Every structure is written in C-alpha cells, then in structure tokens.
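# Coordinate analysis (summary)
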Amino acid sequence: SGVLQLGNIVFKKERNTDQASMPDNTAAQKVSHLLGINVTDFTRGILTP
Amino acid sequence: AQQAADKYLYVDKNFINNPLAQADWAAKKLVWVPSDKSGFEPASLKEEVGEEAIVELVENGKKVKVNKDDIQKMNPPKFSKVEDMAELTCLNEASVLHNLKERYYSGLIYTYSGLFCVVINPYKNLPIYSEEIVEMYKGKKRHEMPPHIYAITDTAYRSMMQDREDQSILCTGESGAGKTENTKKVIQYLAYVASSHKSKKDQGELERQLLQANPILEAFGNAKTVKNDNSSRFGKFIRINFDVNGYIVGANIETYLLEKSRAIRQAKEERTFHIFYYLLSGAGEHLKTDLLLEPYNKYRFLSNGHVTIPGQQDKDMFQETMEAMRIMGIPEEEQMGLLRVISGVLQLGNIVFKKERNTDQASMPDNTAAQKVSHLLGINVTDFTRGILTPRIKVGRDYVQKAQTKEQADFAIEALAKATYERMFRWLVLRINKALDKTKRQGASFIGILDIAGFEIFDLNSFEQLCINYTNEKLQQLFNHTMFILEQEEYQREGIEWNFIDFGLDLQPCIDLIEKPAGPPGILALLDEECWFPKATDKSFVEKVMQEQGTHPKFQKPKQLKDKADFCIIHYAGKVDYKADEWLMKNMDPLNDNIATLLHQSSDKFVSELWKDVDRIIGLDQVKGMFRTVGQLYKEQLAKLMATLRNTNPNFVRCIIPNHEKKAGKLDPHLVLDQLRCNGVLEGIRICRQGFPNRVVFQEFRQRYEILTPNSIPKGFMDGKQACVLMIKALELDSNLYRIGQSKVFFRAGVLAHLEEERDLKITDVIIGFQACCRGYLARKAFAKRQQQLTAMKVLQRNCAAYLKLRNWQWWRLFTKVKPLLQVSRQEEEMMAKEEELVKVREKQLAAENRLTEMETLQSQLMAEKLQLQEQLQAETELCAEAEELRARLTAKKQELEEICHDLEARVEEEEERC
Amino acid sequence: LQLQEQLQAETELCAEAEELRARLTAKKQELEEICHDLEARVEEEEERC
Ligand SMILES: Nc1ncnc2c1ncn2[C@@H]1O[C@H](COP(=O)(O)OP(=O)(O)O)[C@@H](O)[C@H]1O
Ligand SMILES: [Mg+2]
C-alpha cells in the first residue's frame, strides 16, 4: 500500500523557479504513515535533499 | 545573580498598560530634537507654520526654532525600557537611542530588535552570567525571559533542533564592542546546556576543553592595541557539532587574518601578542635560564618596552595559560616547544648587521644572537648565516647566488620572525582542532560562532586594517542582504502580494572596489597583479589605483595631503586612509628558500613540524600560480567562510561600543547613533514591524498548534494547507496578522509568540491533569497498602495471640513436649534439608547454564567483530602496498621528466649559441 | 582492541601514503607542464631560425 501511495504524490513546477513544489501533501502523509516515517522529514528529503 | 536580576535583567513591562503614562505625554506634547552638545535633546512643541517649528527644551527651558523634518516623536513614558524596539509604536532614531541609553545607564546591556539583538559594552564585571544558566535561561524561549546572549544561544539551539537547519551566531561591531566576550558566553552556554542534559555523562571532558580553547588562542594572538586591551588580531569561526539528540560531538576552530606584523612592530602605547609578555613576566628563573630570556629593553621587537595592562598580572596569566594547555592535553614537550619558538622569535629580534665600510654587502658583528637562535630553534649558526647572508637558488639549467645588503638581511630576519610565529599559531590552532574534533564523523548538525576582528580605525592604517575592514564590510553586507533582500525575496517567492521596500543599505559598490577581479579591477585584485614586475613600487601601486579606481564614488583623494603614498576609502562605519608602506612585500610575503629549508631541516622536531609543507615556499625575493598572494589567500578563505554562512540561519548580535574612552557608564550618544545608522539597526527593526518575520510550514504549523484547535480538523488525512486554513479560521486570527503562501504561513511580529504562549498554557493544563491522575493513582496504592496492613492483621494477630495464650496454658503444652520425641518431625526436617540443598544446587545449575549461554553468544559476536576488523586491516595494508608501487613508478617517471626538461633547456642554449 | 588499533595505524599510514602521492603527482604535473612549455618554445625557435 505504501508503494501504491508513492506516485500518488504530485509535484508542481514552481511558477517562478526551476524547483519542485508539492502543493498537496495528503499522499505524502499516507506514505509516511504506512512506511513509518515523519511527513516533514520525508518532504524535505525529497524536495531538497 | 538571580537576586541582582531586578537591576540588570528584568523590567516592569506592565507599565506599558499604564493609561496616565500616555495621558501625561499627550498633555506635554514631548518631542525629540537634534543637538551639538555631545547629547541629544528633549522638547515640548509650541509653534508651527509651513515647514517650520519652535520647541521648548525640557531640561533648559530655552526655546529654539526647529525644522519639521527634525522633530521625532517621543514614545510615551508607557514604553520606557521596552525589551524589543519592534514593540515600539513611534519607531524613530531618537526613541531607539533613548531606550538603549536608559537601559544601559540602568545596567541592562542586551536589547532585542526584531529578529536580532543589540548589546552595548558595560566595561564592568556585571553579575549577569553565572547563575542564569541553571534555571533562568535553560530552555526558556525568547518571550519567557529578558534579552540575553543566553536567550540568543538557546533560541539558536532550539531552532537548530526544531527546524533541522544549521545555525550561525554572528557578533558585529568595531573594536571594543563585545564580540570576543559574547562569543565566550555563547560557548559557555552551549557547553553548560549540552553537558547538563547528558544525565549519565554530564560535566564531560570535551565541555571542559572547549572552555580552555579560547584562553589559549587569546594568550597567543590577542594584544593590547590603542583601542582594546585584549585586541583579537585574528578572526575566528568556531563550529560546535551536535548529534540528533542535541549533545555536542565535536568542535572546530578556523582562524583568519592573523596579524604577523604585531610580533615585529607596535605603535607608541601598544603591546605585542600577550604570550611574549606572559613568558617574560616572572615565569621562573630556571625557565629564563633554559629559554635564554632577557629584560624587555634588549629586544628590537618589544617596541617601547615593558608596557602593562590594568587589573591582570602577567605572572598569573602565564600559569593560567599553562593550566589551559594542560586541560587541552598539550604535552609538556609541545608546550615547551611553543615557549622555545617564542624565545627564538625574540632572539631573532636581537640579530644585527655591521654596516660594512668597504661595500654595501655586510655580516654580523656578533654571532651570539645567532647562537641563541641555534640553541632554541635547532639550526646551526654556520648554515643559518650562509643561508641568510648568501642564499643560493637553482633555476633550470643553472645555479644562481647573490649577496644580501643589510636591509635585505633585516627583511629576511623579519620575514622569518613573522612566518615563524604565524606557523606556530597555525600549528596551535591545528592542535586545538585535533583535540576537539574527537569524532571521526561529523555531527547531525552544528552551530557556527563567528568572531571577526572588529572594524579598525587608526592614524597608522595599513594592508592589515584594509583586509579587516573589507571583512567587516562583507559581513555588514551579509546582514543587509539577509534582513532586506532575502526577506523580501521570500515574500515574492511565496506569493504574498508584498510591495518591495528600498532601505538604501547596499554595500556592493565598495565591496567591488576592493575585491572585484575583472571589469574595473579592485584594489586588492589590482596589486595582486602588480607585485610581480621588477619595476613595481608601492608609489606606483598608488598611481595605478588612482588611475584604475580613483574615479570610484567610494574612493577618495587623501584626506590630509594628496602627494603622499596614501589610499582613502569610504566604508559603512567610517572613512579610512591607508599608507602603502611595504605593501609589495606584505601582499607577496616572500621567504628565503635556503633558510626556510634549513628551518624545515632543523635538529628540533617541533620547529621541523612548524616548517612542514615548506616545498611550496616562494623562489625569489622582491622580484606565479604555484605561489599565492596573501590577497588571494584571504579572498579565497573569506569566500569559503561566506559560502558557509549563507548555508546557515544567521543569528546576528550587534555589538556597540558606547564610548572610545573605555569608561563604564559613559555614552557618547553621537557615537552610538553613528553605530546605529551604519549598522542598519532601525532598518532591521522596520522590516521586522512592516514585514512578516515569522514563517511556519503548513504541516509543522498543524503538528505544533493543533493542540489549540483540536475539534477543528476532521480526523482523516488532509492537505496541510487546508488544515492550516481551518486552524487559522478556528483561531480567529485577524486577516492582517497572517498571510498564507505556497508552502508557509506568514505571521506578523508577536503573533506566533502569542500562539506559543497559548500552547504552553494548553500543555500546562494537560500536564496538570496528568499529575492529578498520577497523584490519584499513588493515593490508590497508599489506600491499598493501608487496607492490607489493617484488615489482615486485625484477624490474624488476634487469632495467633489467642492461641499463644491458650496453647501454653492448656494440655496442648504436652504435645509440645511430645514433639521433640517424635521421629516423623525429624524425617520431615531431613527431607526438607535434602530439598533445600537440592534447590540451591538446582538454582546454581540453571543460573550457570544461562550465564554460559549468554557469555558464549558474547564470545561468538566478539569473534565476528575480530574477523571484520582483521579483514579491513588486510584491505588497508594491501592498499598501502599498492600506493607504494604507485609511488615508485611516479618517482621514476618524475626523474625521467626532470632529465628530459634539462636536456630541452640544454638544446635551447645550444640552438641559441649556434645561431 | 588490538585489531582496532592496528586498523587505526594502517589507515593512518595509508592516508599519509595517499597524501604523499598527491604531492608527487602535483609536482610531476608542474614539471611535465614546464617541460612541455620548453618543448613547444624550442620547436617555435627551431621554426624561427
Ligand atoms: N559582556 C561583557 N562583560 C564584561 N566585560 C565586557 C563585556 N563586553 C566587553 N567587556 C570589556 O570590554 C573589553 C572589550 O570587549 P572585547 O569583546 O574584548 O572586544 P571585541 O568585541 O573587539 O573583541 C573586554 O575585554 C572587557 O574588558
Ligand atoms: Mg575582538
């Protein structure tokens, strides 16, 4: 289920910069719940490693 | 100190509620007006028409004409001693000066200014620093406690843990402002708090060494200048490394711009590095005999003799320096190596050259100074003299040798003294790093702590002060960029309908004047490409700077007389004039290769270690990529620093010297107002009040403050932005207090502090409820114990006592006598003894089996760990053997390349001869 | 503990050997660059004459 919730994650290209934004983290929350992780740490590690 | 706090820390902030404090000012119409008194003026306002005003002076009763643009509103007395100028209603220069001045004269030195703090130097040992860490500033977030360097340090530490982002704490003022002392207090606070939470490893030895690293580098390095009795003379950047728990795993210390020249010359009323004077002042007569120490009056290098500083004895500080070095664990052979090299640098100051009658080439009239040098540094007088007086160089096809005039020999002796002390200091920094950087792997996070040399003003300014002042300029530009530009760029990036505000405060024009390598070449980069020509001379450097940069708006034709070899430049804090005496030699810093290799090849291991990596040293005296100029070295190391700082959250601490007299209590209000203007303090507070200084990511905002609005969010998963919108509507925040970006919630000043207060209230209520349940459950246990202790014995004791009374009285006493006769009781006793001893051996059997099994698993695991360590040891040894093979191959091919290069030069010569 | 300290020693010696080879390769490159410069300029002089 966690692998299914990965890739429901949608990134949007920022309107003024060449950087990823995740304008809705619901799928990332579900992923973090299933995989056993903190949403915010996962979001940082993906968007800006 | 907690009892003293009412004078030195706390304020009756409730006075801000006072209505009459407003109504009295609203009656008096009190205003600020500017003045030439070396004071700033309060007044009441009485006439106006057009642009004109007239005011009555409150202290004088005099009345004077004033301009409408010169009046500044006094905040009503209601605000007096406000802890944070961002909280002021009428923000202006006179109100900030008034608040800082009256807080300082009252003894309160720290004040907040929005996202940064201001400090004014007390020039007293105020009771402000000892007790405060134990309770008062431990974890108490910014609004809980009055402004203090401990609150800054705690705020940075908490932000580092909460935000998972590396911090820096940056102290910025001219000399005597407080950067060094506040840096110490930061390190003391971090050491104390990070050791305190090690509930099984508190008061640890690394936190013991950290407190010593500063006194050592201050004993070396620092000096009594005109402006400061403990002048830095070097910049430093400490990094304290933390684990994921927030405990210290390491520290690192970088150093910059060490003023080598301080060892060789000083102004009329100044001192060398302290350690010279500590060592000469009564260290011990046996040490003096061993180290060949002599009275101060004999050395060239101790200008104007036994200069002293108040309040401290050099004799005691020598011992304290040795104590600190021992706590740092510098072995006594290395400590004595330092003392020997210090004495050797002084003894180079004893060398002199004869002023020869026959021709300009000269020799020493006395070898004894060179003998003392040989006995201290380990380089024999014959090779020392042959090297310095008659150096020989190898250049391609040929060897070249020259004579040395007395000036050239003195310049070689000075260069050796400067470079010897520099190398010793750099080694001592490396030793302290090696002692502190105990973990071979870096921490999960760090806090950087920057302490650059303060802005320098003298009548004698030179290249040293130019580089120091350039560093101060670039740090002030970091402040300006962070507070004004990156702040507003964050609003634009996050889409928050902000309209850009221009504050002025761009220093890139002057920074480019010094540092720019291309386009118009900047002063530092220009001389970097003029020291190489044989026609080069500092007077020509001045003329070329006047041609290439004399048109720059920040450059100035010399203040006093234009005809001398001077630069003059305009900087944020001051306009400064610098003399191009020996800048050719100072920027290139050449060394005699022969004497430098003789120092490397010394019989003394310590001097040979200081002079490791000599191979890079310069090949010629006073006339490219192999060498690097001091200008390039500073620019590169400073760029590495700035690139580090830009990758951290900066916590600025603006340090203000109240007066040039080093006097306690006195302010020069114009000197403070000048510092406030150049530092950008009021612009920094204006951007705090006008902008949205606090930002929280939607998910972090929910996770932290949902406790305030627990029924507002449905229990499912929901987008952080929608959850935040729901929370903020449930918090009923006024729509001007917050804005919602693309990833962050933006809040005005104080709003998020109010939410933190609400959160601490909620968490306190939750803890009180849990304590109530805990204390109830403890009462349940107490009641159960009382129930057992009463109700059983009320029956059991009455029973046993009644039978004790009856059974001895009644014929059952006969059964007591028959029981010793009965054999069955003996057989039961024997069976019980058998069973008991069996049980003892059975317990030992089972325990021994468990112990054997567990220990055998430990033994097996240690066997596996042994095997792994042996395998990696084999890998390392085989890689050493392969590196040795590569070394042999490389050295052979290098010999071939050398011989071919010499054959090519021989061909060039033969071709030119045959032509 | 013996194997640990042996590993510390051999890693220290390996690091020193790597750093020494870095010095050797740097000096070799500088030498070869000056040798190639002299080769090129002697060929230029041979073309001039
Ligand atoms: N916070 C302080 N507490 C006590 N004394 C101070 C404090 N700040 C400065 N001083 C006094 O003023 C001197 C100059 O400040 P210092 O920090 O040494 O200069 P700088 O900021 O240029 O490094 C100190 O050596 C000390 O005597
Ligand atoms: Mg200082």
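## Description of the overall build of chain B
Check the secondary structure of chain B and you find 28 helices and 19 strands. For chain B, the C-alpha radius of gyration of 38 Å lies well beyond 29 Å, the compact-globule estimate for 915 residues. With the C-alpha coordinates of chain B rotated into their principal frame, the extents come out at 140 × 95 × 60 Å. Sorting the 915 residues of chain B into buried and exposed places 47% on the buried side. When the accessible surface of chain B is summed, it comes to about 48,200 Å², and 53% of that surface belongs to carbon and sulfur atoms. Charged side chains in chain B number 128 positive and 132 negative. The centres of these two groups are separated by 7 Å.

## Quick look at the sheet that holds strand β1 (residues 30-33) of chain B
All names here are of chain B. Read from one edge to the other, the open sheet built from 5 strands follows the order β4-β3-β2-β1-β5, with strand pairing classed as antiparallel. Since the sheet does not close on itself, it has two edges, and those belong to β4 (63-67) and β5 (72-73), each with one partner. Here 2 bridges tie β1 to β5, and the two strands are oriented antiparallel to one another. Each bridged residue has a counterpart across the sheet, and for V31 the counterpart in β5 is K73.

## Some words on empty space enclosed by the protein
Residues and elements named next belong to chain B. The space that makes up the largest cavity amounts to roughly 90 Å³. In terms of lining, the largest cavity is formed by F234, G235, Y256, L257, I452, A453, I468, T471, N472, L638 and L641. Per-element accounting of the lining of the largest cavity gives the leading share, 3 residues, to helix α14 (residues 463-494). Broken down by class, the residue content of the lining of the largest cavity amounts to 8 nonpolar, 3 polar and no charged. Looking at the second largest cavity, its volume works out to about 60 Å³. In this structure, the second largest cavity is lined by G173, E174, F455, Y572, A573, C655, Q675, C678 and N679.

## Section: the UniProt feature "binding site: ATP" in chain B
Residues and elements named next belong to chain B. According to UniProt, the "binding site: ATP" feature falls on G173, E174, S175, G176, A177, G178, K179 and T180. From the set just named, the residues that line the second largest cavity comprise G173 and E174. By the secondary structure assignment, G173 is in the loop between β8 (167-172) and α5 (179-196). Those residues in contact with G173, other than ones at most four positions away along the chain, are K179, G454, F455, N472 and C655. Along the chain, the position of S175 falls in the loop between β8 and α5. Looking at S175, the relative accessible area reads 9%, which means it is buried. Other than its neighbours up to four places away in sequence, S175 contacts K227, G454, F455, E456 and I657.

## Quick look at the packing of aromatic side chains
Residues and elements named next belong to chain B. Applying the stated criterion across every chain, the model contains 24 aromatic pairs over all chains. On the basis of an interplanar angle of 80 degrees and a centroid distance of 6.3 Å, the ring pair of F273 and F276 is categorised as edge-to-face. We classify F273 as buried; its relative accessible area is 0%. Judged by its relative accessible area of 0%, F276 is buried. Both rings, one in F463 and one in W583, keep their centres 5.5 Å apart while their planes meet at 70 degrees; by these two values the pair is edge-to-face. A residue pair is termed long-range when its members are at least 10 positions apart, and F463 in helix α14 and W583 in helix α18 (residues 583-588) qualify at 120 residues. Given a relative accessible area of 2%, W583 falls into the buried group. Members of the aromatic cluster, joined through ring pairs, are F116, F479, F484, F503 and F652. A cation over an aromatic ring shows up here: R654 above the ring of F479, its NZ or CZ 4.8 Å from the ring centre.

## Here's the deal with the interface of chain A and chain B
Opposite the 13 residues of chain A that make contact, chain B presents 13 residues. Buried area between chain A and chain B, summed over both chains or domains, comes out near 1,100 Å², and the portion from carbon and sulfur atoms is 41%. Put simply, chain A and chain B have 1 salt bridge between them. Among the salt bridges present, the one from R44 of chain A reaches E700 of chain B, with a minimum N-O distance of 3.1 Å. Seen at the junction of chain A and chain B, the total is 8 residue pairs in polar contact.

## Digging into the site of ligand 1
Residues and elements named next belong to chain B. Around ligand 1, 14 residues are found, and the nearest of them are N121, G176, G178, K179 and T180. Interatomic distance of 2.5 Å between a side-chain N/O atom of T180 and an oxygen atom of ligand 1. One of the backbone nitrogen or oxygen atoms of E181 is found 3.2 Å away from an oxygen atom of ligand 1. Coverage of ligand 1 by the protein amounts to 84% of the 550 Å² it exposes when considered alone.

## As for helix α2 (residues 26-35) of chain A
Every buried residue belonging to α2 of chain A is among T26, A27, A28, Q29, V31 and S32 of chain A, and all of these are buried. Looking at the buried positions of α2 of chain A, the neighbouring elements they touch are α1 (2-5) and α3 (39-47) of chain A together with α24 (698-705) and α25 (720-730) of chain B. In the stretch just after α2 of chain A, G36 of chain A is the one whose phi turns positive, near 95 degrees.

## A short note on a nonpolar patch on the surface
Residue and element names in this part refer to chain B. A cluster of nonpolar side chains, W812, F815, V818, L821, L822 and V824, forms an exposed patch at the surface whose accessible area comes to about 550 Å². A per-element tally of the nonpolar patch places helix α27 (residues 812-821) first, with 4 residues. Considering the arrangement of structural elements, one finds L822 in the loop between α27 and α28 (823-914). Under the relative-accessibility criterion, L822 is labelled partly exposed at 32%.

## Quick word on the side chain of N461 of chain B
All names here are of chain B. Structurally, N461 is set in the loop between β13 (445-451) and α14. A distance of 2.8 Å separates a polar atom in the side chain of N461 from the backbone oxygen of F458. Polar side-chain contacts of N461 include one of 2.8 Å to the backbone oxygen of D577. Those residues within four positions of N461 in sequence are excluded, and the remaining contacts are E456, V576, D577, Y578 and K579.

## Brief notes about the packing of α3 of chain A against α24 of chain B
With their axes 10 Å apart at the nearest point, α3 of chain A and α24 of chain B run at an angle of 165 degrees to one another. One element, α3 of chain A, and the other, α24 of chain B, form an angle in the roughly antiparallel class. As for the relative orientation of α3 of chain A and α24 of chain B, their crossing is left-handed in sense. Only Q699, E700 and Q703 of chain B of α24 of chain B make contact with α3 of chain A, whose side of the interface consists of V39, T40 and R44 of chain A. Partitioning the contact of α3 of chain A with α24 of chain B into residue classes produces 1 nonpolar, 3 polar and 2 charged.

## Points about the interface of chain C and chain B
Between chain C and chain B, the residue contacts involve 27 residues of the former and 28 residues of the latter. For the pair chain C and chain B, the two sides together bury roughly 2,600 Å², of which 79% comes from carbon and sulfur. Broken down residue by residue, the surface that chain C buries against chain B is led by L3, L7 and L31 of chain C, which jointly contribute 21%. Where chain C packs against chain B, one counts 3 salt bridges. Put simply, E46 of chain C and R907 of chain B hold a salt bridge, and the shortest N to O gap is 3.0 Å. Linking chain C with chain B are 3 residue pairs in polar contact. By residue class, the composition of the side of chain C that touches chain B is 13 nonpolar, 5 polar and 9 charged.

## Concerning helix α19 (residues 593-600) of chain B
Every α-helix carries 3.6 residues per turn, so stepping three or four residues along brings you back to the same face. Residue and element names in this part refer to chain B. For α19, every residue scored as buried is listed here: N594, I595, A596, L598 and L599. In this structure, the buried residues of α19 make contact with α11 (368-377), α12 (381-389), β11 (392-395), α13 (406-436) and α20 (605-610). Two or three places before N594, at the opening of α19, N592 has a side-chain oxygen 2.7 Å from that residue's backbone nitrogen.

The rules behind the values
Residues numbered from 1 in each chain as written, not as in the entry; some residues may be left out. Chains lettered and ligands numbered in written order. Part of a larger assembly, values for the part shown. Heavy atoms only, no water. Helix = DSSP H or I, 4+ residues; strand = E, 2+ residues; numbered from the N terminus. Rg over C-alpha atoms; globule rule 2.2 N^0.38 Å. Buried < 20%, exposed > 50% of the residue type's maximum accessible area, 1.4 Å probe, protein only. Areas by Shrake-Rupley, 256 points an atom, 1.4 Å probe, with all protein chains shown as cover. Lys, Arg positive; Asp, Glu negative; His and termini not counted. Charge placed at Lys NZ, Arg CZ, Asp CG, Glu CD. Pairing = 2+ DSSP bridges. 1 Å grid on protein atoms, 1.4 Å probe; cavity = no way out; pocket = protein on both sides within 12 Å on 5 of 7 lines; lining within 4 Å. Points joined across faces, edges and corners; volume = space filled by probe spheres on them. Nonpolar A, V, L, I, M, F, W, Y, C, P; charged D, E, K, R; others polar. UniProt positions renumbered as here; feature names shortened; annotations may be inferred. Contact = heavy atoms within 4.5 Å. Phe/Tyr/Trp six-rings, centres within 6.5 Å; stacked < 30°, edge-to-face > 60°. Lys NZ or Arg CZ within 6 Å of the ring centre and 35° of its normal. Buried area = accessible area lost by both parts, 1.4 Å probe. Salt bridge = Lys/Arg side-chain N within 4 Å of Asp/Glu carboxyl O. Polar contact = N/O pair within 3.5 Å; in protein donor to acceptor, adjacent residues only side chain to side chain. Near = heavy atom within 4 Å. Patch = residues over 30% accessible without salt bridge, like charges linked within 9 Å, V, L, I, M, F, W, Y side chains within 5 Å. Axes fitted to C-alpha atoms, helices over the stretch in contact; angles between N-to-C directions. Parallel < 35°, antiparallel > 145°, perpendicular 65-115°, else oblique. Left-handed = near helix turned anticlockwise from the far one by under 90°.

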